[PDB]
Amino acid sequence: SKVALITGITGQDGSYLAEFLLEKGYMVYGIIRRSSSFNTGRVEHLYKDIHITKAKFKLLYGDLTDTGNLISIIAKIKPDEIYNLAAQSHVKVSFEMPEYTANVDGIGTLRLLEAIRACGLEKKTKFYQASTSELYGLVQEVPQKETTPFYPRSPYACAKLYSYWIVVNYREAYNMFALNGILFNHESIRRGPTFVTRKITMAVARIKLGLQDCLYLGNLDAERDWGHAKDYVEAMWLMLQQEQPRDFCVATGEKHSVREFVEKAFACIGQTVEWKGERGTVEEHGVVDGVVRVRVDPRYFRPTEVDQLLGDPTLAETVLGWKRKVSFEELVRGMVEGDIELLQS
């Protein structure tokens, strides 16, 4: 049985990827940060009754800023595949801690690549890097594809850009099987609560149950290609099963605005948003049956916004056989219903 190592296994994608690989019969190791409290909620069902289910699943303490810990882990488990999903993954937060973001999301990638070399595993271990459509930033073409030049617009995107290219360089310098999944935005009921989609659906669920009065957002006009994270982790695995390492965009090929996300989320609870005030300004607000339910707060703006992302996944469809399954309609409805069920649980 193959051995997979997942960094960031406690995050949204890592939790779905772990399920995917366990079902394929992998032995799955995950690196978890030490936390002062419980922080494994997304994977707790995978180890809950580990003593009876005998699942090939094991969690280990580590951190992407501690090079020696990474090498110690990799030298002992000698994985067939590493998926580097660990990151300070939030764009807005990256403006507040750009250095930590660079150290985790940039140099952390290199630490793992160097760990492979230091263990002499170049012929054994494949490496997936969690790259991102954020690299396109101020997009230089529409749609964006594997050949679209990058224009990062946050310290997160800059750090992820270092990682994209250090992966390419180790692939080309050392003939390592290392590649970049250029994934566009993907969400789920497991999305972190301060990303815009999950923030919308948690707020709408609370508004339905009368536990919240108003939702405060930033830029309503940002447009994103939005898929379901569960669809996207399989693309990660599929890149590693290719004969030759190559970088792939993964996307739905359609985009929607934050505003439309808001509208669709409220429609799932039978409510209609009417926008009032100068459209696109901080005076704009969303009305439901006369009551202000959405407001704009400049604190959620980013200093350099990424206005619109639209992926062309043609290469992934034809080379990997991958295509999104969850539609945008289904994505929104699944998250709103999930978040209502969570409140009533």
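Position 1 is the first residue in the sequence shown; the rest follow in order.
Stretch comparison (82-90 versus 207-215) by mean CA B-factor in the PDB entry places 207-215 on top. Mean C-alpha B-factor is higher over 269-277 than over the other stretch, the pair under comparison being 250-258 and 269-277. Set against one another, the Cα B-factors of 168, 158, 130, 77 in the record reach their highest point at 77. Listed residues 71, 236, 138, 182 were ranked by CA B-factor as deposited; 71 comes out on top.
When the modelled residues of the chain are ordered by C-alpha B-factor, residue 23 sits in the highest third.
Placement of the Cα temperature factor of residue 119 within the chain: highest third of the modelled residues, per the deposited record. In this PDB entry, the Cα temperature factor of residue 241 sits in the top third of its chain's modelled residues, the highest group. Per the PDB record, residue ranking by Cα B-factor puts residue 329 in the highest third of the chain. In the PDB entry, a CA B factor belonging to the highest third of its chain's modelled residues is recorded for residue 289.
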